[PDB]
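What follows is coords-v6.tsv (TSV, N, CA and C atoms).
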chain	number	residue	atom	x	y	z
A	1	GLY	N	96.23	119.99	87.40
A	1	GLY	CA	96.93	119.88	86.12
A	1	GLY	C	97.23	118.42	85.80
A	2	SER	N	98.41	117.96	86.21
A	2	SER	CA	98.81	116.58	85.96
A	2	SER	C	98.64	115.74	87.21
A	3	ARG	N	97.41	115.65	87.70
A	3	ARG	CA	97.12	114.87	88.89
A	3	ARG	C	97.90	115.42	90.09
A	4	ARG	N	98.62	114.54	90.78
A	4	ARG	CA	99.40	114.94	91.94
A	4	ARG	C	100.89	114.95	91.59
A	5	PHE	N	101.42	116.14	91.31
A	5	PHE	CA	102.82	116.28	90.96
A	5	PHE	C	103.58	116.90	92.14
A	6	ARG	N	103.37	116.32	93.32
A	6	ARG	CA	104.01	116.80	94.53
A	6	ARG	C	105.49	116.43	94.53
A	7	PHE	N	106.35	117.44	94.71
A	7	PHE	CA	107.79	117.22	94.71
A	7	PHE	C	108.40	117.62	96.06
A	8	UNK	N	108.40	116.73	97.02
A	8	UNK	CA	108.97	117.00	98.37
A	8	UNK	C	108.74	118.46	98.82
A	9	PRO	N	109.74	119.14	99.35
A	9	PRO	CA	109.58	120.54	99.81
A	9	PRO	C	108.85	121.40	98.79
A	10	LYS	N	108.69	120.86	97.59
A	10	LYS	CA	107.99	121.57	96.53
A	10	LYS	C	106.58	121.01	96.39
A	11	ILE	N	105.67	121.81	95.84
A	11	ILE	CA	104.29	121.37	95.68
A	11	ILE	C	103.72	121.84	94.35
A	12	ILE	N	103.62	120.93	93.39
A	12	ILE	CA	103.06	121.26	92.08
A	12	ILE	C	101.78	120.47	91.87
A	13	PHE	N	100.71	120.99	92.45
A	13	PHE	CA	99.40	120.36	92.36
A	13	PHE	C	98.35	121.36	92.85
A	14	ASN	N	98.82	122.34	93.61
A	14	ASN	CA	97.95	123.39	94.13
A	14	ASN	C	96.95	123.82	93.06
A	15	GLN	N	97.44	124.00	91.83
A	15	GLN	CA	96.58	124.41	90.73
A	15	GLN	C	96.29	123.23	89.81
A	16	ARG	N	96.11	122.06	90.40
A	16	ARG	CA	95.83	120.85	89.63
A	16	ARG	C	96.65	120.82	88.35
Do you think you could lay out the structure here as structure tokens?
Amino acid sequence: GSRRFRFXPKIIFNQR
């Protein structure tokens, strides 16, 4: 989605 939107214990990139 929005490149690498990794947020510590959270992970928002799995689905790009």
Please provide the set of residues having any atom within 8 Å of residue 14 (chain A), restricted to all atoms listed in the file, with same-chain residues fewer than 4 positions apart removed, written as a PyMOL selection string. chain A and resi 1+3-6
DSSP says strand (DSSP E) for which residues of chain A? Put them as a ChimeraX atom specification? /A:5-7,10-12
As AutoDock Vina command-line options: centre and edge lengths in Å, one decimal, of the axis-aligned box holding region 3-14 of chain A with 6 Å per side:
--center_x 103.3 --center_y 119.2 --center_z 93.8 --size_x 24.8 --size_y 21.3 --size_z 24.1
Between atom N of residue 2 (chain A) and CA of residue 16 (chain A), what is the distance in Å, rounded to a tenth?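 Straight-line distance from atom N of residue 2 (chain A) to CA of residue 16 (chain A) works out to 5.2 Å.
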Complete the atoms of region 1-12 of chain A to N, CA, C and O atoms and put them out as a PDB file, in the coordinates of the input.
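The resulting file, selection34.pdb, is shown below:
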ATOM      1  N   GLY A   1      96.230 119.990  87.400  1.00  0.00           N
ATOM      2  CA  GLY A   1      96.930 119.880  86.120  1.00  0.00           C
ATOM      3  C   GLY A   1      97.230 118.420  85.800  1.00  0.00           C
ATOM      4  O   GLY A   1      96.417 117.721  85.200  1.00  0.00           O
ATOM      5  N   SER A   2      98.410 117.960  86.210  1.00  0.00           N
ATOM      6  CA  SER A   2      98.810 116.580  85.960  1.00  0.00           C
ATOM      7  C   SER A   2      98.640 115.740  87.210  1.00  0.00           C
ATOM      8  O   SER A   2      99.605 115.177  87.737  1.00  0.00           O
ATOM      9  N   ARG A   3      97.410 115.650  87.700  1.00  0.00           N
ATOM     10  CA  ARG A   3      97.120 114.870  88.890  1.00  0.00           C
ATOM     11  C   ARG A   3      97.900 115.420  90.090  1.00  0.00           C
ATOM     12  O   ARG A   3      97.849 116.613  90.373  1.00  0.00           O
ATOM     13  N   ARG A   4      98.620 114.540  90.780  1.00  0.00           N
ATOM     14  CA  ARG A   4      99.400 114.940  91.940  1.00  0.00           C
ATOM     15  C   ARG A   4     100.890 114.950  91.590  1.00  0.00           C
ATOM     16  O   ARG A   4     101.543 113.906  91.570  1.00  0.00           O
ATOM     17  N   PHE A   5     101.420 116.140  91.310  1.00  0.00           N
ATOM     18  CA  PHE A   5     102.820 116.280  90.960  1.00  0.00           C
ATOM     19  C   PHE A   5     103.580 116.900  92.140  1.00  0.00           C
ATOM     20  O   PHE A   5     104.326 117.868  92.003  1.00  0.00           O
ATOM     21  N   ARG A   6     103.370 116.320  93.320  1.00  0.00           N
ATOM     22  CA  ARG A   6     104.010 116.800  94.530  1.00  0.00           C
ATOM     23  C   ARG A   6     105.490 116.430  94.530  1.00  0.00           C
ATOM     24  O   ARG A   6     105.848 115.265  94.360  1.00  0.00           O
ATOM     25  N   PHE A   7     106.350 117.440  94.710  1.00  0.00           N
ATOM     26  CA  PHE A   7     107.790 117.220  94.710  1.00  0.00           C
ATOM     27  C   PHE A   7     108.400 117.620  96.060  1.00  0.00           C
ATOM     28  O   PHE A   7     108.891 118.736  96.216  1.00  0.00           O
ATOM     29  N   UNK A   8     108.400 116.730  97.020  1.00  0.00           N
ATOM     30  CA  UNK A   8     108.970 117.000  98.370  1.00  0.00           C
ATOM     31  C   UNK A   8     108.740 118.460  98.820  1.00  0.00           C
ATOM     32  O   UNK A   8     107.624 118.966  98.682  1.00  0.00           O
ATOM     33  N   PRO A   9     109.740 119.140  99.350  1.00  0.00           N
ATOM     34  CA  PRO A   9     109.580 120.540  99.810  1.00  0.00           C
ATOM     35  C   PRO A   9     108.850 121.400  98.790  1.00  0.00           C
ATOM     36  O   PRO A   9     108.421 122.519  99.088  1.00  0.00           O
ATOM     37  N   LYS A  10     108.690 120.860  97.590  1.00  0.00           N
ATOM     38  CA  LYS A  10     107.990 121.570  96.530  1.00  0.00           C
ATOM     39  C   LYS A  10     106.580 121.010  96.390  1.00  0.00           C
ATOM     40  O   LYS A  10     106.316 119.872  96.781  1.00  0.00           O
ATOM     41  N   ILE A  11     105.670 121.810  95.840  1.00  0.00           N
ATOM     42  CA  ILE A  11     104.290 121.370  95.680  1.00  0.00           C
ATOM     43  C   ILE A  11     103.720 121.840  94.350  1.00  0.00           C
ATOM     44  O   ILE A  11     103.347 123.010  94.210  1.00  0.00           O
ATOM     45  N   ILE A  12     103.620 120.930  93.390  1.00  0.00           N
ATOM     46  CA  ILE A  12     103.060 121.260  92.080  1.00  0.00           C
ATOM     47  C   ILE A  12     101.780 120.470  91.870  1.00  0.00           C
ATOM     48  O   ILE A  12     101.762 119.424  91.219  1.00  0.00           O
TER      49      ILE A  12
END
